[PDB]
């Protein structure tokens, strides 16, 4: 796709910061401009559209358009974890919308009272696997994947939309190996020195 380009790497900001998405279009006679948001596994949702140069502000979002340089931007203020998505730019010419390839944005939640800990859950009798949960760490912690291809680790999950409870970070690691213990599950990840490891 060359008529509409979003040539940017993946973006990331902490909760509450400002993020900015860029887009360039090729036809100067283009009439209107759009920003969509798209979550994993869903169709894109319309955020805003604009047809006038300058700024169009709507809540925490501002669409900026310069028809001389042919640039469109979306400014997101006071970013929220729920703003984490792929953002798409689209341009309308005679009714034909042309989309860019998108740019990902991740907004890290602010964990006010961290309590990094690694726990061992137990199967409900019908599996054979054992599961380890690394939870309550603050967002400045990155969970790497395991070197052992027989141990699986899911770094980050997405808080359900209708969730009324706060969000905390967690990673799950599992394996069917006898020598698999939670004490080493996350050895390839850099975890806080103060991580709580209960001793069974």
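Positions refer to the first chain, counted from 1.
In this entry, the higher average B-factor at the C-alpha atoms falls on 176-184, of the pair 20-28 and 176-184. Relative to its counterpart among 117-125 and 95-103, 117-125 has the higher mean temperature factor, C-alpha atoms as listed in the PDB entry. Residues shown: 164, 65, 68, 48. Highest C-alpha temperature factor in the entry: 164. Comparing the C-alpha B-factors of 42, 37, 56, 147 in the entry, the top value falls on 147. Remark: residue 86 belongs to the lowest third of its chain, ranked by C-alpha B-factor as recorded.
Split the chain's modelled residues into thirds by C-alpha temperature factor. Residue 140 is in the highest one. Remark: residue 110 belongs to the middle third of its chain, ranked by C-alpha B-factor as recorded.
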